[PDB]
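Below: one structure, written as structure tokens.
So that the names make sense, note that chain A is the first sequence line, chain B the second, and so on, each numbered from 1. Values reported hereafter were calculated over all heavy atoms of this structure, with side chains retained and with hydrogens, waters and symmetry mates removed. When a ligand or atom number is given, it counts from 1 through the structure's own listing order.
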Amino acid sequence: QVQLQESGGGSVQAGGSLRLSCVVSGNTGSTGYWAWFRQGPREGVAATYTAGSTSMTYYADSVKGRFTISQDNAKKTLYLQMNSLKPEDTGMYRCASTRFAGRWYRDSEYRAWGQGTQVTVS
Amino acid sequence: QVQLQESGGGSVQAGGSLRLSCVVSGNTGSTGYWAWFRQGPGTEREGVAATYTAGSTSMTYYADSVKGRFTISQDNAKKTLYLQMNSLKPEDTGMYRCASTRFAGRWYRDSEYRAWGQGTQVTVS
Amino acid sequence: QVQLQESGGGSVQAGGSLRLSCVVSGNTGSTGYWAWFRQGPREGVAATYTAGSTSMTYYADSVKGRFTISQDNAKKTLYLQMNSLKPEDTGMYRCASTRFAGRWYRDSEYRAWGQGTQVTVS
Amino acid sequence: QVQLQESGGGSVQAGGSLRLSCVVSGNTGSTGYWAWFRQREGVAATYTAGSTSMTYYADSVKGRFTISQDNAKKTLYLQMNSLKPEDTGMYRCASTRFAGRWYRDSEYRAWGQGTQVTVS
Ligand SMILES: C[C@]12CCC(=O)C=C1CC[C@@H]1[C@@H]2[C@@H](O)C[C@@]2(C)[C@H]1CC[C@]2(O)C(=O)CO
Ligand SMILES: C[C@]12CCC(=O)C=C1CC[C@@H]1[C@@H]2[C@@H](O)C[C@@]2(C)[C@H]1CC[C@]2(O)C(=O)CO
Ligand SMILES: C[C@]12CCC(=O)C=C1CC[C@@H]1[C@@H]2[C@@H](O)C[C@@]2(C)[C@H]1CC[C@]2(O)C(=O)CO
Ligand SMILES: C[C@]12CCC(=O)C=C1CC[C@@H]1[C@@H]2[C@@H](O)C[C@@]2(C)[C@H]1CC[C@]2(O)C(=O)CO
């Protein structure tokens with residue numbers, strides 16, 4: 001029922017910036033995890049837990065301080081802002097969501113996935 | 001030399017969302033604080049959120065009153081600072097001004113900031 | 001080269017007032033059109049032509065006498081003062097600029113655009 | 001929305017070769033023009049249709065330059081052979097969803113900063 005669709009990716013030079021988006025539709029309920037994963041040439045990049053009351057955000061150590069996850073709730077859109085891009089950031093960036101997760105960064109805890117948007121860092 | 005220009009302000013219903021932007025130009029140097037302050041008529045400026053950027057990577061700071069509702073981010077290639085607001089409350093109403101400085105002992109001390117934009121108004125009804 | 005930054009929209013009741021602003025930066029040149037368009041999921045609302053020596057102002061018939069366009073050349077800012085707002089004024093209002101245009105309201109001739117500010121009149 | 005970044009330029013002797021690259025990212029849509037300009041003269045462009053492409057060259061570079069694009073890598077190439085001194089310039093890539101004349105720079109909505117080519 002929950003549908004996720006990513007956009008905004010592409011090819012960028014090392015050191016560059018990029019902002020990815022993912023739109024959500026369907027009966028999500030009010031609380032859960034909304035996350036970005038990357039499949040490089042499937043690791044958790046960043047995630048936000050929305051409590052439905054506030055919010056908690058998590059980052060992978062390799063992107064801390066370079067990436068920012070945010071969301072516009074009125075627009076049902078999740079964002080991944082990327083700065084200081086490195087070649088090892090290359091991959092298919094997929095958004096995922098779930099009502100319940102133990103590890104925010106474990107892909108198998110997520111029940112809804114988008115197809116992804118490719119990011120290739122020169 | 002450093003110039004800051006905010007945009008994206010507007011009117012919103014309580015519970016709504018809004019994203020502010022600020023573009024910088026000029027000789028900033030590579031390191032320092034980039035912050036959002038808010039001020040209502042007759043009130044003192046209150047630090048909302050800030051980032052500290054090092055020579056490389058950034059750290060982020062939030063006022064307790066906006067934590068978990070506002071998110072600060074920047075796009076360095078676009079020289080732009082963002083404030084994503086969600087779950088807006090009437091008490092978030094104010095003139096939102098972006099500020100920057102190479103040097104600040106504490107992120108929320110407006111007296112330490114050296115460049116200021118004119119601001120963009122956010123009204124929450 | 002040219003960047004357009006908008007502000008000032010949002011929610012208001014019918015009969016209300018809103019004041020849109022757009023700040024321009026970059027290499028614009030000295031003459032041309034500076035316009036407001038409204039986009040629903042782009043029709044011209046108002047524009048100014050600056051000949052760089054005085055200006056001329058243009059309005060869509062449906063906003064004449066309710067909206068006023070003005071510009072501060074010192075602050076490089078364009079304003080749209082919207083009084084007596086009606087529900088049909090609802091839309092995404094985007095600023096646009098161009099050196100040449102066959103008609104002020106022909107958005108296809110405008111190459112520089114702002115992201116938009118949403119205006120919702122209940 | 002659309003971010004274009006060129007690379008591959010520099011200083012080269014007449015008669016030499018160079019391959020410029022431009023990477024694109026962001027929400028582009030599926031159809032439009034992707035072009036190389038030198039400064040502002042149209043050098044070469046490719047139109048990609050919804051189906052699948054059409055390519056155009058300035059008369060002064062026909063038979064010497066080739067434009068191509070790797071759609072999987074979101075990269076536009078300008079292969080320059082038999083370079084001449086009048087090819088010197090700042091080569092900028094541009095893109096747009098629609099244009100009447102592929103070579104008219106004023107019709108393009110997105111621009112890169114460019115890569116300099118100096119032919120001695
Ligand atoms: C993570 C979440 C719940 C768990 C899930 O499987 C899918 C998602 C992604 C979208 C999130 C959603 C909930 O948190 C409520 C949210 C924030 C929504 C976007 C807008 C929203 O509907 C609200 O803001 C409700 O007020
Ligand atoms: C806080 C800072 C330094 C202190 C100052 O007075 C003004 C600013 C705001 C813009 C920041 C800048 C530096 O950090 C370098 C930054 C990040 C820049 C935006 C893009 C940038 O120029 C770079 O990314 C260069 O690497
Ligand atoms: C429409 C125009 C030229 C065409 C274009 O693509 C972008 C714009 C909007 C900003 C205008 C500009 C020119 O007219 C010169 C202006 C008025 C400028 C704001 C202040 C200005 O720079 C001056 O007043 C210079 O005297
Ligand atoms: C010219 C175009 C559309 C108009 C625009 O402002 C930016 C460009 C450059 C990149 C092109 C794009 C579209 O044509 C779809 C393309 C080909 C894309 C490269 C890979 C692509 O996304 C696809 O291959 C879709 O199948």
Side-chain angles (χ1 to χ4, degrees), chain A residues 1-4 9-11 22-35 47-53 55 71-78 95-101 110-112 118, chain B residues 15 17 86-87, chain C residues 1-2 4 22-35 47-53 55 71-78 95-101 110-112, chain D residues 1-4 22-35 45-50 52-53 69-76 93-99 106 108-110:
Chain A
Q1 164 84 11
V2 171
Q3 177 167 267
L4 300 167
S11 294
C22 186
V23 293
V24 61
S25 61
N27 191 13
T28 63
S30 65
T31 181
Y33 292 88
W34 207 359
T48 296
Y49 170 84
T50 298
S53 34
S55 196
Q71 56 194 76
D72 190 302
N73 291 338
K75 297 185 168 113
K76 279 177 185 185
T77 304
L78 181 79
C95 180
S97 68
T98 192
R99 171 54 36 120
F100 307 112
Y110 285 80
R111 311 267 173 271
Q118 175 71 37
Chain B
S17 298
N86 286 302
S87 310
Chain C
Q1 32 159 345
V2 174
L4 298 169
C22 173
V23 183
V24 66
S25 53
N27 181 5
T28 62
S30 71
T31 61
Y33 291 95
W34 207 358
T48 294
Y49 187 84
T50 302
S53 191
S55 295
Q71 63 185 64
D72 185 321
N73 290 341
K75 313 202 281 214
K76 288 151 62 173
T77 304
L78 186 69
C95 189
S97 64
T98 189
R99 174 167 311 108
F100 302 105
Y110 287 76
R111 331 302 200 171
Chain D
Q1 39 174 261
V2 178
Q3 179 170 243
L4 302 163
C22 180
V23 294
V24 66
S25 60
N27 271 27
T28 61
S30 71
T31 175
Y33 288 93
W34 205 0
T46 300
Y47 182 82
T48 295
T52 192
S53 72
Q69 57 190 72
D70 189 328
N71 286 346
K73 295 233 70 182
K74 289 195 177 181
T75 301
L76 187 74
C93 172
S95 65
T96 181
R97 276 191 44 93
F98 62 89
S106 67
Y108 282 78
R109 284 270 341 286

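- Remark: D:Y47 engages D:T31, D:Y33, D:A49 in a side-chain contact (heavy atoms from CB on, under 4.5 Å) (not counting sequence neighbours).
- Take D:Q1 and apply the side chain to side chain donor-acceptor pair (under 3.5 Å) test, not counting sequence neighbours, and it matches no residue.
- Looking at every heavy atom in both residues, A:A112 comes nearest to A:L4 through O-CD1, 3.6 Å.
- Using a cut-off of 4.0 Å between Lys/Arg side-chain N and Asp/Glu carboxylate O, D:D70 and D:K73 are scored as not salt-bridged.
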Pick out the protein N or O atoms lying less than 3.5 Å from any N or O of ligand 4, and list each pair with its distance.
residue  : atom   : partner : partner atom : Å
ligand 4 : 6 (O)  : D:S95   : OG           : 3.3
ligand 4 : 14 (O) : D:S30   : O            : 3.2

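- In this structure, A:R99 places its CZ atom where more than 12 heavy-atom neighbours from other residues, nucleotides or ligands lie under 6.0 Å away.
- Residues passing the side-chain contact (heavy atoms from CB on, under 4.5 Å) test with D:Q69, sequence neighbours excluded: D:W34, D:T46, D:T48, D:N71, D:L76.
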